[PDB]
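There are 2 protein chains.
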Amino acid sequence: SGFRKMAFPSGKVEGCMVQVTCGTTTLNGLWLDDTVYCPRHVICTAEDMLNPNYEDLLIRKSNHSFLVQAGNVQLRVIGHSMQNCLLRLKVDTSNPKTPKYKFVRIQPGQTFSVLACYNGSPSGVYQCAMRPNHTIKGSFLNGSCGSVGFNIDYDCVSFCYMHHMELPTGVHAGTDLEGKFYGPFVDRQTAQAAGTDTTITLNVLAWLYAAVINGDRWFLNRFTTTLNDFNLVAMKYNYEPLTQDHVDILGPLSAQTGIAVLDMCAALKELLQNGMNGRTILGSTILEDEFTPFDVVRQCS
Amino acid sequence: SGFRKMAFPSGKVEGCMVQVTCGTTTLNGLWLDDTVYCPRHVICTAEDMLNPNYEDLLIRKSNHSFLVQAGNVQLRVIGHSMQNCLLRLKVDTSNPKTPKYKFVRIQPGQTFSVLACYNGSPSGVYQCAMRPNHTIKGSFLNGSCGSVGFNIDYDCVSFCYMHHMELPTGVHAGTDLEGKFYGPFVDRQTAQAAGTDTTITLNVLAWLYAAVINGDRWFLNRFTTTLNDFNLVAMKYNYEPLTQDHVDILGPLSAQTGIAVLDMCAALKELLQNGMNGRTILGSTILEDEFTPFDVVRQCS
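Residue numbers (the deposited numbering), protein chains in the order written: chain A, 1 to 301; chain A', 1 to 301. A prime marks a further copy of an entry chain.
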């Protein structure tokens, strides 16, 4: 890989992962201060999932109904409440490893790292992106629900995602840390379907600049284009339309590479209309769209 | 990505990263107990690098010649010695975050995670593999030298690599934590060239099993083969030859997928002799060789 996908260091998040069990259901929870957040569907049985009435299912539960374990230590839940699609469990012990943090809701196309955990313990860290249709691509196993997505800004952890479910197609859906689902999805095991996905044009452009940054500009041409002409081509190949805001965002990359934004768009346009013809870019044979302009600048500086 | 590359959680390694400076040269160091390990070339100037005499360059140095900084705290070096291509700096303070650990030398084709750091602070975590020609693929910036590669085994960190230099071709070379270079390389800025690289057959097979594990076996056929017939094809396409040990290693994957090892080899053989014809495997258009059979089993269980 001429350009590797990079995850944020996970240390600050590792110390926040716990296990929450309710009956036959066991999943991951996030312990910050004296509160443990986890998908509310932990209170559901396989049957409840077909059509759950959470407010009603929760009434039948009590503090002693939740078993929270941080490592080898069981924590005592002294309260439980529902926050949108998340279960907020109040515990009697404050997490001594709680880092400086924020809850942030990301936009489609933005990236983040996921600390995949199983039964309360960290397994690995993956870097991914929020698809335009609000789903996440990858592979999560039984018990991976509850794992979180995040970004780090110096010393502050910005949590932006918590995994909840796998859609019949195998794609993943989840919420922000306020328990609000990304997309039109709900935590019910129904026929739910994600909208047709598209390619993140802004990220593909950022990646093309990255490829140039690392000496590999065979794709660059002498043409240029405009937002109207490019978006026509974009509509054809199922690529997200480009906006002025996107062009402004690519400025820093434009300035440092000597390639005007619309000129890179002219290069992308040709690649879509002709193809790569065996030729490769950054050891890749397909146009990568999981690197944001911010990721490229961060990984290059 | 139908199957994402996964790095180990980096928390245990993060608390071990420090900065070591000697003149205009600043790079990363690993602080374990009361010892800081770093590339010995930190004592070299751009000119010394053309043809360094380390034993002689080191004699001219003293403890006060090394500036070690862990975060915001300067550590006091009370001794310095050379261990092959590593500089061993004895410090007056033992690292309170030292994890349980081991130093291990990996074999070509094996994988590990790298905690890329710059000027002593963690930047990101990447998953990679030791190429058959003993180099590492990726992109390291000025000051990234000293970053380490590792694997985690439950609660023990097995350090297996420390980055030292970028070869003229842009590939990377380094040592194990005993300071022994992987490959024929030495820490001198000369014309050094890496042997022609090949594809890690064992890993490609592991990945093909992974693809099958996740429902995607269009490539499977009704043929079989043998180590002699496959290796003939392997020799043609610059693929590492398969050994009996490799076949034995793939057993667990074979048993759980219902595909005999030699049968998967028969499928790989056809893919090399014909190609993928636009068809893809795990959202990939080229045969991935950076997942070991152990990584696949670990990521699937």
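No residue lacks a Cβ here, since even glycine has one placed at the ideal position from N, Cα and C.
Could one say the Cβ of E166(A) lies closer than 7 angstroms to chain A''s Cβ atoms, at least one of them?
-> Here residue 166(A) is taken as the residue at index 166 of the first sequence, counted from 1. No, its Cβ sits nowhere closer than 7 angstroms to a Cβ of chain A'.
Cα-Cα separation, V148(A) to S113(A) | Stepping through the first sequence from its first residue, residue 148(A) is reached at position 148. Stepping through the first sequence from its first residue, residue 113(A) is reached at position 113. Across the structure, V148(A) and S113(A) are spaced so that their CA atoms are roughly 8 angstroms apart.
Going by other Cβ atoms of all chains shown within 10 Å of its Cβ, with 16 needed for buried, is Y154(A) buried or exposed?
-> Residue 154(A) sits at position 154 when you count from the first residue of the first sequence. Result: exposed.
Where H164(A') falls: helix, strand or coil (DSSP) | The sequence position of residue 164(A') within the second sequence is 164, counting from 1. DSSP places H164(A') in strand when its eight states are reduced to three.
Pull up the CB-CB distance for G143(A) and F8(A'), whole angstroms please, since I reckon it's below 8 angstroms.
-> On the first sequence, residue 143(A) is found 143 positions in, with the first residue counted as 1. On the second sequence, residue 8(A') is found 8 positions in, with the first residue counted as 1. Not a contact, Cβ separation roughly 19 angstroms.
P39(A'): buried (16+ other C-beta within 10 angstroms of its C-beta) or exposed?
-> Taking the first residue of the second sequence as 1, we reach residue 39(A') at position 39. Looking at its Cβ environment, which holds 16 or more other Cβ atoms inside 10 Å, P39(A') is buried.
Starting from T285(A'), find everything on chain A with Cβ-Cβ shorter than 8 angstroms and list it in chain order.
-> The sequence position of residue 285(A') within the second sequence is 285, counting from 1. Ordered by position in chain A, the residues that pass the 8 angstroms Cβ test against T285(A') are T285 and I286.
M6(A'): contacting residues in chain A (beta-carbon distance under 8 angstroms) = Reading the second sequence from its first residue, position 6 is the one you call residue 6(A'). Under a criterion of Cβ atoms nearer than 8 angstroms, the residues of chain A adjacent to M6(A') are, in order, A116, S123, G124, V125 and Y126.
Identify the contact partners of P9(A) in chain A', using a Cβ-Cβ distance below 8 angstroms as the criterion.
-> Taking the first sequence and counting its residues from 1, one reaches residue 9(A) at position 9. In chain order: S10, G11, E14, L115, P122, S123, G124 and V125.
Using 7 angstroms as the limit for Cβ to Cβ distance, is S1(A) near chain A'?
-> On the first sequence, residue 1(A) is found 1 positions in, with the first residue counted as 1. In terms of beta-carbon proximity, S1(A) lines the interface with chain A', with at least one pair separated by less than 7 angstroms.
Span separating the alpha-carbon of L177(A) from that of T196(A) = Stepping through the first sequence from its first residue, residue 177(A) is reached at position 177. Stepping through the first sequence from its first residue, residue 196(A) is reached at position 196. Spanning the two alpha carbons is a distance of roughly 25 angstroms.
Just how far apart, CA to CA, sit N63(A') and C22(A')?
-> Walking along the second sequence from the start, residue 63(A') turns up at place 63. Walking along the second sequence from the start, residue 22(A') turns up at place 22. Computed Cα separation, rounded: 11 angstroms.
Can you tell me which of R222(A), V297(A) and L141(A) puts its alpha carbon nearest to the alpha carbon of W207(A)?
-> The residue given as residue 207(A) occupies position 207 in the first sequence. Comparing Cα-Cα distances from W207(A) to each of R222(A), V297(A) and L141(A), the minimum goes to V297(A).
Range of the contiguous alpha helix (DSSP H) that encloses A46(A') = For the purposes of this step, residue 46(A') is taken as residue 46 along the second sequence, with counting starting at 1. It is not in any alpha helix (DSSP H) - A46(A') carries neither H nor E in the DSSP assignment.
Residues that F112(A') bridges to, as DSSP identifies them = On the second sequence, position 112 is the one that residue 112(A') refers to. The partner list for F112(A') (beta bridge, DSSP) reads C128(A').
Same chain, Cβ closer than 7 angstroms to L58(A'), five either side skipped, listed in chain order = Position 58 of the second sequence, counted from the first residue, corresponds to residue 58(A'). The residues are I43 and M82.
Any C-beta of chain A' under 7 angstroms from that of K137(A) = As a working mapping, residue 137(A) is identified with position 137 in the first sequence. Using a Cβ-Cβ cut-off of 7 angstroms, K137(A) counts as an interface residue toward chain A', since at least one Cβ of chain A' sits closer than that to its own.
Would you list, in chain order, the members of the stretch 194-218 of chain A' that have their beta-carbon closer than 7 angstroms to a beta-carbon of chain A?
-> Taking 7 angstroms as the cut-off between beta carbons, the residues of the stretch 194-218 of chain A' near chain A are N214, in sequence order.
C-alpha gap between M276(A') and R217(A'), whole angstroms | Counting from one through the second sequence, the residue named residue 276(A') turns up at place 276. Counting from one through the second sequence, the residue named residue 217(A') turns up at place 217. When only Cα atoms are considered, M276(A') and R217(A') end up about 12 angstroms apart.
Check whether the stretch 263-270 of chain A touches the stretch 93-113 of chain A, counting contact only when three or more Cβ pairs, one atom from each stretch, lie closer than 8 angstroms.
-> Too few Cβ pairs lie closer than 8 angstroms, so no.
Unbroken beta strand (DSSP E) runs of length 3 or more, entirely within the stretch 131-158 of chain A: which are they?
-> Unbroken beta strand (DSSP E) runs of no fewer than 3 residues, entirely contained in the stretch 131-158 of chain A, are found at 148-153, following chain order.
Best match in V261(A'), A191(A') and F66(A') for proximity to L50(A') [C-alpha to C-alpha] | Sequence index remark: in the second sequence, residue 50(A') carries index 50 (1-based). Selected option, being the one with the closest Cα: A191(A').
Nonlocal neighbours in the same chain, by C-beta distance under 7 angstroms from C156(A), ignoring five residues either side = Numbered from 1 along the first sequence, position 156 holds the residue referred to as residue 156(A). The residues are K100, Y101 and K102.
Three-way DSSP call (helix, strand, coil) for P99(A) in this model | The sequence position of residue 99(A) within the first sequence is 99, counting from 1. If DSSP states are grouped into helix, strand and coil, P99(A) belongs with coil.
Which residues share a DSSP beta bridge with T26(A)?
-> As a position in the first sequence, residue 26(A) is number 26, starting the count at 1. In DSSP, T26(A) forms a bridge with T21(A).
Check whether the Cβ atoms of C145(A') and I136(A') lie closer than 7 angstroms to each other.
-> Within the second sequence, the letter at position 145 stands for residue 145(A'). Within the second sequence, the letter at position 136 stands for residue 136(A'). Going by C-beta atoms, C145(A') is not nearer than 7 angstroms to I136(A').
With a Cβ-Cβ cutoff of 7 angstroms, do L250(A) and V261(A) count as a contact?
-> Numbered from its first residue, the first sequence carries residue 250(A) at position 250. Numbered from its first residue, the first sequence carries residue 261(A) at position 261. Cβ atoms of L250(A) and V261(A): closer than 7 angstroms.
CA-CA distance, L32(A) and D229(A')?
-> Here residue 32(A) is taken as the residue at index 32 of the first sequence, counted from 1. Here residue 229(A') is taken as the residue at index 229 of the second sequence, counted from 1. One C-alpha to the other measures close to 58 angstroms.
Residues that DSSP places opposite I281(A) in a beta bridge | As a first step, residue 281(A) is located in the first sequence; it is residue number 281 there, counting from the start. For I281(A), which the question treats as bridged, DSSP gives the partners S284(A).
Limits of the beta strand (DSSP E) - the one that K61(A) falls within = Against the first sequence, residue 61(A) aligns to sequence position 61. Run containing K61(A): none; DSSP gives neither H nor E here.
For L75(A), the first and last residue of its enclosing beta strand (DSSP E) | The residue labelled residue 75(A) in the question sits at position 75 within the first sequence. Start and end: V73 to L75.
Within the same chain, show all residues whose beta-carbon is closer than 7 angstroms to that of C160(A'), passing over the 5 residues directly before and after it, in chain order.
-> The residue you call residue 160(A') lines up with position 160 of the second sequence. Once the five neighbours on either side are set aside, the close Cβ partners of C160(A') are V104, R105, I106, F112, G149, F150, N151 and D176.
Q19(A) versus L282(A') - alpha carbon distance = The residue given as residue 19(A) occupies position 19 in the first sequence. The residue given as residue 282(A') occupies position 282 in the second sequence. In a straight line, the C-alpha of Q19(A) is about 31 angstroms away from that of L282(A').
Go ahead and pull the three-state DSSP assignment for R88(A').
-> By 1-based counting over the second sequence, the position of residue 88(A') is 88. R88(A'): strand per DSSP, three-state reduction.
Cα-Cα separation between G29(A') and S65(A), rounded to whole angstroms | For the purposes of this step, residue 29(A') is taken as the residue at position 29 of the second sequence. For the purposes of this step, residue 65(A) is taken as the residue at position 65 of the first sequence. CA-CA distance, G29(A') to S65(A), rounds to 48 angstroms.
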